[PDB]
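In what follows, a single structure is set out as structure tokens and then discussed.
Chain lettering (A, B, C, D, E and F) follows the sequence in which the chains are written, and residue indices restart at 1 in each chain.
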Amino acid sequence: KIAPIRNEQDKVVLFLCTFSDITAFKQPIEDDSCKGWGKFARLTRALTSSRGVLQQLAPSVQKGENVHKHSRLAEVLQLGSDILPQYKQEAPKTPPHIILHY
Amino acid sequence: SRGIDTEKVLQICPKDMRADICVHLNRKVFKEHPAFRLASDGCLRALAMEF
Amino acid sequence: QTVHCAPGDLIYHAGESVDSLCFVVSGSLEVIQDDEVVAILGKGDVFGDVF
Amino acid sequence: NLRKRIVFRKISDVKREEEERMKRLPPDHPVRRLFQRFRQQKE
Amino acid sequence: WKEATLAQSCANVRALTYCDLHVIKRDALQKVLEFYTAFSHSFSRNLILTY
Amino acid sequence: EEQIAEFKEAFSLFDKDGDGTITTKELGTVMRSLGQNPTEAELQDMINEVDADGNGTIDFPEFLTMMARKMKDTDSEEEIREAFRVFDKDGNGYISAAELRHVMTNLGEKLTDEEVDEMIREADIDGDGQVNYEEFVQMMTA
């Protein structure tokens, strides 16, 4: 997923590309391995981030692929919040309903 | 920094105390960076004195 | 130069460069080599290297 | 003399070595090379 | 320890957040490294610069 | 040999059954979650082949053998690992003067105590009486 970030001077300076692994939840493809199940285990061992609490309810349910993609993309779509500074000297804005004592 | 001078505080103490204080002050780099994981006591102290 | 060393303080850590003859005039010190006692120094003894 | 250091063995170490010897290579090419290099250095 | 010569900086470095730096001069590092040859033989192999 | 220790977490995550081995219910749950619907007989023969016992229980060595076969580590890394394993009688990954004397005597290339000490200090980098993996590979590289 790619989401460029603008700048305070109304320009685009920095790109941002995020990454995610869906190896254990897609069509299995192998090139050269000792065994098919061994290759499957190797592929599954790399998806710990997906298998964690992000989609930990997948084994307890069925046909969860219709929501796994949405769950994975929900975290990535939040990057607009961090894009607000836009690579600029942003002041430490106070939280709402709080008046600075100086 | 308040009213304290780090150089004066370092100079007041003797040599071994100076070396150990400097090693502690640079522990953040020393323990973390992999290039320093093979360092002996003498070289570690001689580097912590100059950092 | 006169140096007062309190008990427990190290003088020459292993691997440090030695560059100073030092004469013991009071008390007593010991040398530790590989976590063992190999010699004991008393009054009127000097340890270092023949510079 | 600080520059000079003495060599010695420990009683516990020699006892353990004797005990291990009481309970007592064709593909050992890296260590064969190590031994050859050590012999060359000592020569 | 490899270049053994000074060079002009080819880019500016600017702070962004409140940072802490641990700088070491070239002369002291070279002296310590040349004193500890065994340490240098691994320091050169293990230290890789980011930029 | 110490890199395989990290597979315990992956094995625990995969084995949601919690009975010490992969259960048929757990396998069904994971295949349903992944979405693919292969043959039950196909999965039965696959698990029978994977498991050494073949009694429907997947053990740690069953995955360990496949992982070791598929690792395909470097030849130099394998050789130095074998050298460390044969040099360390206790198998703790540490090399001592007693171990060095033992292997030298066993191989028959006995050396003097001073020579053994010099060989130890040649590889020793921190000067306290230990021989490390990095120290030995640095010695061997030259």
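Quick note on the criterion: a residue touches a chain if its C-beta (ideal position, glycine included) is under 8 Å from a C-beta of that chain, and two chains touch if they have at least 3 such contacts.
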item: Those chains which touch chain F and also touch chain D; value: C
item: Chain closest to the assembly centre - both centres taken as Cα means; value: F
item: Chain pair, B-C or C-F, that carries the greater number of C-beta contacts; value: B-C
item: Whole-Å gap separating chain C and chain D, where each centre is the average of the chain's CA atoms; value: 31
item: Chain centre separation in whole Å, for chain D relative to chain A (CA means); value: 54
item: Geometric centre distance via CA averages, chain B-chain A, whole Å; value: 41
item: Per-residue multi-chain contacts in chain F, two or more chains; value: 125, 127-128, 134
item: Contact pairs between chains, per stated definition; value: A-F, B-C, B-E, B-F, C-D, C-F, D-F, E-F
item: Sites on chain B touched by chain E in the complex; value: 26, 28-29, 34-35, 37-40, 42-43, 46-47, 50-51
item: Parts of chain C lying in touch with chain B, wherever the complex brings them together; value: 9-11, 13-17
item: Chain C-touching residues of chain D, taken from the complex the two chains share; value: 1-3, 5-6, 8
item: Chain A contact footprint on chain F (complex, rising order); value: 7, 9-10, 13-14, 16, 26, 29-30, 32-35, 46, 49-50, 63, 66-67, 69-70
item: Contacting residues of chain C [partner chain D, same complex]; value: 12, 18, 33, 38, 47-50
